[PDB]
Amino acid sequence: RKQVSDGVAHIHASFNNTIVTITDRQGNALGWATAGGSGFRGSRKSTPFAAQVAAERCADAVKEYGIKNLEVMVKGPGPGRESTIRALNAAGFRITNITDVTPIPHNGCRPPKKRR
Amino acid sequence: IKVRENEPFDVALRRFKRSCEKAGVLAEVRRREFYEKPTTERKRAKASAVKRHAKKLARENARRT
Amino acid sequence: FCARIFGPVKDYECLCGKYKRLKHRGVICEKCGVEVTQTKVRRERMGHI
Amino acid sequence: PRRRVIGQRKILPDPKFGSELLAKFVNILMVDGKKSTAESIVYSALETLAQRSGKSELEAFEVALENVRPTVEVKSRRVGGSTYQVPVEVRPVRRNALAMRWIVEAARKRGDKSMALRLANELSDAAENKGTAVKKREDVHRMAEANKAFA
RNA sequence: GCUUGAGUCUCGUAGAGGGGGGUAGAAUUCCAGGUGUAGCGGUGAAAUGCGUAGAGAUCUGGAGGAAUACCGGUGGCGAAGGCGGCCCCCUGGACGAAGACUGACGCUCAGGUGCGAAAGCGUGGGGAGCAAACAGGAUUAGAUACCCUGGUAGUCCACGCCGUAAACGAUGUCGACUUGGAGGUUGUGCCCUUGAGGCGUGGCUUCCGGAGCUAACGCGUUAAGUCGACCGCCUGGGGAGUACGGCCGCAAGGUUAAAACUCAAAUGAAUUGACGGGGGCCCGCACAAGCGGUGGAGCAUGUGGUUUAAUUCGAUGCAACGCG
RNA sequence: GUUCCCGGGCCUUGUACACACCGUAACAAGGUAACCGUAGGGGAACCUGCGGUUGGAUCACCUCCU
């Protein structure tokens, strides 16, 4: 639906969750896929193979729109970031450009309090 | 950051993402600030890296094996 | 173009890369005998097979 | 153990046919250490299996060997932190050894008559890829593909 | 009176130095609208909560608030604390080439004064993120602890009080003296700066070392080395860097700074082992690939136990059980 | 073949141990690094936030470029 070819696929592998989502060039979201909804709850949420299945979940149920050249703009320096990319290339897509527009602050706000 | 390589590729090659920062900005904005801490491990690290240079200066004179 | 057989490419030089200074005269590379001498004398280095 | 790079040694061949592999074939069939006893049985088996196969005691033994010969053998040689298996190309010194090993282990299966006829069965059956000897070999074959990727 | 001391002027230099203010941009939170799914968060695992009143996520637009990625460099400024975006206004400290001068105008110092991270409190604004007290789910024998969902003081700005510290390269301050290399960083003089250099002169700082000192480690031109000068501090630890009095304070306390009694230690550096769910390597059928056994069955022998008139005792994980 | 496993040995690393490994708070990285200062709280050790220091440990592996 809406007919889009260039699908901006924001893949955000944080630390223990990787979300893949193709949207419209404008901004109209198309379909999502997550390492937490496809299963793999655990240290598996922090694995690139789960990100490979995340790419597969973002490979089907999205052909209704039909994207070919997609702008895989990766966000958040996490576990995947390549296994997910080659999952999409082995899914039937042609990534026109892999961009690294990760959520980057100029050390704006303070970072969160976690891990020990 | 933004790699394209026209259309004959069948590969990602995010080698510039790593040549940019990748984990660079993350190392400071993933876990709390701690302000002074990183400074501490900077001194220890240098002591062992400069000693590596002293190591390169120690091997040049003999190493008769 | 051996260093053990022949040797010095630089004035008073151990080709292995241990003795460079021109203070070195005759001292070889014990591993592969490079007598630190004149590269000019390397126009007089005769070998055998 | 931790030093052995050495392979096999010389084995006394069969005093009839010029094949040491057939000699190896006697070494595995000779039960309780009685060589001569099991040997004359290799004879009464090789002849009859070759006739039920359709050819001579050398080529009907070869076409009945190509089917029970191993390809790979997955072994516990983990490299990463995960617990997996690694398909191993089996050495040439080991291929015929494992082929002729399962044929005699299959000669103890099918408890019909004398072992000379039981063996006469399992290798003749091996010539047509039917039976329990070749069936064993087929199962290991199935185990290879699910692991071949780690290079 | 004269100058190798201090210091000033003429000509220049770099910067997270300080006070006040303005501004740009990303991200997080929230609100409204377009789209859409059945999941989001997190942990070793789980769960409260959110959600079909369409959350999480994406785009556009907008209102607050804190802080400045890459540049980043045991790099820089400063008495110290402390402090990283840019700029405007005021302005300080440090240093250098070539000269002119008063002519030791120099140093330290109890009582005293000023600066004084963070935090607490009074007052006027304020709240995205995180977070004392507290509620909830659990690992657990228990949780007022590790973790997570919320959340107040606080975090931020300005005016004061408390005037406290590992305010520690633990190295007080000014001056003089003492073979070098690699650097980092900021200027200048001289020569063909023809080009990413060479030879000197000062500041700050790091590593390896010599003269020297010390218990050792090591510091080493910025010294723990050699002297002069000034102030403070110690006489075993605990008690205690605390109570109370002077002084100050709305509050939290702080500064100066004790005793009785008690023990016969307290402290520091450096090593050989014990141990490691720390690392490397080497050996043995330990394992990988196979054959043959005990255990399922019969016989023979021995032990615990039982029983009996008595069924010697010893050995009793490996190293007792076809052993005496 | 030494990565898995049982035992032995050499080198190295760390110890406030050598009397020699109600709650574990420090000493191995004590499996949540330690210590001082400030405020508050809790049966109690101490915990949380902030600044500072070294009287602190390993910088061993798994994947990519000549």
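In what follows, the structure referred to is the one given above.
Here we summarise the structure given alongside this text.

Thresholds, definitions, all that
- Residues numbered from 1 in each chain as written, not as in the entry; some residues may be left out.
- Chains lettered and ligands numbered in written order.
- Part of a larger assembly, values for the part shown.
- Heavy atoms only, no water.
- Helix = DSSP H or I, 4+ residues; strand = E, 2+ residues; numbered from the N terminus.
- Rg over C-alpha atoms; globule rule 2.2 N^0.38 Å.
- Buried < 20%, exposed > 50% of the residue type's maximum accessible area, 1.4 Å probe, protein only.
- Axes fitted to C-alpha atoms, helices over the stretch in contact; angles between N-to-C directions.
- Parallel < 35°, antiparallel > 145°, perpendicular 65-115°, else oblique.
- Left-handed = near helix turned anticlockwise from the far one by under 90°.
- Contact = heavy atoms within 4.5 Å.
- Nonpolar A, V, L, I, M, F, W, Y, C, P; charged D, E, K, R; others polar.
- Salt bridge = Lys/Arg side-chain N within 4 Å of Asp/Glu carboxyl O.
- Near = heavy atom within 4 Å.
- Polar contact = N/O pair within 3.5 Å; in protein donor to acceptor, adjacent residues only side chain to side chain.
- Pairing = 2+ DSSP bridges.
- Disulfide = S-S within 2.5 Å.

## As for the overall build of chain B
Phase 1: From N to C terminus, chain B includes two helices and zero strands.
Phase 2: Computed over C-alpha atoms, the radius of gyration of chain B comes to 20 Å, more than 25% over the 11 Å expected from 2.2 N^0.38 for 65 residues, which places it beyond the range of a compact globule.
Phase 3: In terms of principal-axis extent, the alpha carbons of chain B reach across some 55 × 40 × 15 Å.
Phase 4: The buried share of chain B, reckoned over its 65 residues, is 12%.

## Focus on the packing of helix α1 (residues 21–29) of chain D against helix α3 (residues 92–105) of chain D
Residues and elements named next belong to chain D.
Phase 1: Two numbers describe how α1 lies on α3: the axes approach to 9 Å, and their chain directions differ by 40°. Classified by the angle their axes make, α1 and α3 are oblique. In this structure, the crossing between α1 and α3 has a hand that is right-handed. Mapping the contact onto sequence places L21, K24, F25, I28 and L29 in α1 and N96, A97, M100, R101 and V104 in α3.
Phase 2: Considering only residue class, the contact of α1 with α3 consists of seven nonpolar, one polar and two charged.

## Comments concerning the environment of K136 of chain D
All names here are of chain D.
Phase 1: By the element assignment, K136 lies in helix α5 (residues 132–144).
Phase 2: The class of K136 is partly exposed, set by a relative accessible area of 30%.
Phase 3: As a C-alpha pair, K136 and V68 span 68 residues in sequence and 8.4 Å in three-dimensional space.
Phase 4: Sequence-distant contacts of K136, that is, excluding residues within four places in its chain, are made with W102 and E105.

## Some details on the pattern of salt bridges
Residues and elements named next belong to chain A.
Phase 1: Inspection of every chain in the model, using the stated rule, returns 12 salt bridges over all chains.
Phase 2: Salt-bridge contacts for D100 lead to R81; the nearest nitrogen and oxygen are separated by 3.2 Å. Here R81 lies in the loop between β4 (69–75) and α2 (85–89) and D100 lies in the segment after β5 (94–99), a separation of 19 residues in the sequence.
Phase 3: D100 gets classed as buried once you look at its relative accessible area, which sits at 7%.

## A closer look at the protein's contact with RNA strand F
Phase 1: For RNA strand F, the full set of nearby residues is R110, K113 and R116 of chain A, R15, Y35, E36, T40, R44, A45 and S48 of chain B together with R2 and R78 of chain D.
Phase 2: In RNA strand F, atoms within 4 Å of the protein come 52% from sugar and phosphate.
Phase 3: For RNA strand F, a phosphate oxygen lies 2.9 Å from a polar atom in the side chain of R116 of chain A.
Phase 4: At a separation of 3.5 Å, a base oxygen of RNA strand F approaches a polar backbone atom of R78 of chain D.
Phase 5: A class-by-class count of the residues in the surface near RNA strand F yields two nonpolar, two polar and eight charged.

## Notes on the pairing of strand β1 (residues 7–13) of chain A
Residues and elements named next belong to chain A.
Phase 1: The buried fraction of β1 amounts to five of the seven residues, a majority that puts the element mostly inside the structure.
Phase 2: Bridging between β1 and β4 involves four bridges; their strand directions are parallel. Bridge pairing in β4 links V8 to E71.
Phase 3: Inspection of the sheet shows β1 paired to strand β2 (residues 18–23) by six bridges, in the antiparallel sense. Within β2, the position partnered with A9 by the bridge is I22.

## Some points on the state of the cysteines
Phase 1: Under the counting rule described, the total for this entry stands at zero disulfides over all chains.
Phase 2: The thiol of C20 of chain B is unpaired, and the distance to the nearest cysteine sulfur, on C109 of chain A, comes to 19 Å.
Phase 3: The thiol of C29 of chain C is not disulfide-bonded; the next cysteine sulfur, from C16 of chain C, is found 3.4 Å away.
Phase 4: Its relative accessible area of 9% is what places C29 of chain C among the buried residues.

## So, the protein's contact with RNA strand E
Phase 1: With respect to spatial proximity, 39 residues lie near RNA strand E, and among them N17 of chain A, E21 and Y35 of chain B together with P1 and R101 of chain D are the closest.
Phase 2: A share of 64% is what sugar and phosphate atoms reach among the atoms of RNA strand E within 4 Å of the protein.
Phase 3: Taking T34 of chain A, its side chain carries an N or O atom lying 3.0 Å from a phosphate oxygen of RNA strand E.
Phase 4: Contact between RNA strand E and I104 of chain A: a sugar or linking oxygen at 3.2 Å from a main-chain N or O atom of the residue.
Phase 5: Taken together, the elements giving at least two residues each to the surface near RNA strand E come down to β3 (31–34) of chain A, α2 (37–58) of chain B together with α3 of chain D.
Phase 6: The biggest single contributor to the surface near RNA strand E is α2 of chain B, with three residues.
Phase 7: A breakdown of the residues in the surface near RNA strand E according to their chemical character gives nine nonpolar, 14 polar and 16 charged.

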